[PDB]
Amino acid sequence: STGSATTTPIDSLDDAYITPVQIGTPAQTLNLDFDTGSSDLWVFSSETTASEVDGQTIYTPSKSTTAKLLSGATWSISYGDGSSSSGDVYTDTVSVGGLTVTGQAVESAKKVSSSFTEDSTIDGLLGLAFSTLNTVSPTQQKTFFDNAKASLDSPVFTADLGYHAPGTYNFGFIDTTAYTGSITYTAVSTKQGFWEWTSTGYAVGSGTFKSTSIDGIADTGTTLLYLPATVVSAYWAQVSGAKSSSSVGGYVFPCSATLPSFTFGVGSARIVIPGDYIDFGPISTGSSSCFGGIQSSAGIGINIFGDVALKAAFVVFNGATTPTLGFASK
């Protein structure tokens with residue numbers, strides 16, 4: 001089997017992407033944030049504290065003839081941006097882009113933190129990291145990909161995120177029309193539950209490539225590119241007037257700037273992030289200070305190849321017995 005679904009930016013800045021997901025019988029379609037950095041599929045629901053729902057579409061298990069309470073199971077998750085959610089668990093039928101999994105754990109939110117409430121466009125998350133990170137207790141549950149894997153034509157999914165445009169998540173096949181040149185594959189460590197890999201280095205603009213190992217995670221659920229302070233300083237030093245602002249919480253730059261590109265290494269291959277991808281717009285409405293899309297990972301404890309980086313590539317998440325990651329230009 002295979003599946004193919006379009007993923008759409010939630011706003012003009014590509015702060016995140018939503019993909020429609022069918023849950024239950026008859027189908028209830030919710031727009032979920034596909035997140036290769038976590039492993040819980042959770043949704044706003046009829047059980048969510050009413051004051052914490054503000055415009056999201058909710059899953060109502062009582063209206064689904066295939067929903068079953070997973071007795072005794074609870075879940076609770078916190079994300080890198082400090083947001084969180086928690087609740088109980090149903091199993092139900094879940095389909096993405098024509099690919100159907102029966103008995104998928106659908107984690108129903110009783111509580112969500114303010115940033116989730118305040119984002120009316122995201123109805124929940126669909127985790128695509130390794131199932132060892134799943135938070136369901138006392139019986140850990142499998143991700144949608146993990147459950148679908150054996151049925152897939154090939155045990156892979158691909159992320160093709162757009163810049164200011166829709167893109168595609170495919171399951172079970174590699175669309176050879178969706179990228180240019182070749183896909184370069186690189187080793188993955190699953191030790192921390194992530195799609196963790198090592199970039200071979202970087203360049204800033206038309207500058208020379210610096211060969212250096214940068215361990216990090218491929219994370220579709222993080223907006224920005226978080227890299228070591230040395231790398232980030234070298235990038236922003238090429239933008240007149242750029243500075244790290246503690247009051248804003250990162251690097252900002254004059255909105256009048258033309259940003260240089262940023263290249264990262266995948267083995268001997270190179271992925272080029274155009275400068276425009278690194279612009280996240282005014283820090284507040286009407287400001288001439290703009291927020292940068294490359295930020296320091298110092299104090300995160302890990303480097304994160306978030307959407308800023310991934311959207312410059314066609315990315316293969318290869319879930320073979322020994323997982324790997326592939327990157328192609330597009």
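Each position is counted from 1, following the chain as shown.
Recorded method for this deposit: X-ray crystallography, 1.3 Å.
For all residues, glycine too, the Cβ spot is worked out from N, Cα and C.
Features as listed in Swiss-Prot:
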- 17-328: domain 'Peptidase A1' (DOMAIN)
- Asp35: active site (ACT_SITE)
- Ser199: active site (ACT_SITE)
- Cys255-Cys290: disulfide bond (DISULFID)
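Counting Cβ atoms from all protein chains shown, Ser199 (active site) has 22 others lying within 10 Å of its own Cβ. Fewest Cβ neighbours within 10 Å among the disulfide-bonded residues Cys255, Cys290: that distinction goes to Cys255. There are 21 other Cβ atoms within 10 Å of the Cβ belonging to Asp35 (active site).
The recorded positions shown are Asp35, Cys255, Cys290; of these, the one with its CA atom nearest the CA of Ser199 (active site) is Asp35. Across the structure, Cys290 (disulfide bond) and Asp35 (active site) are spaced 26 Å apart at their Cα atoms. Reported as a whole number, the C-alpha separation between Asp35 (active site) and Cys255 (disulfide bond) equals 30 Å.
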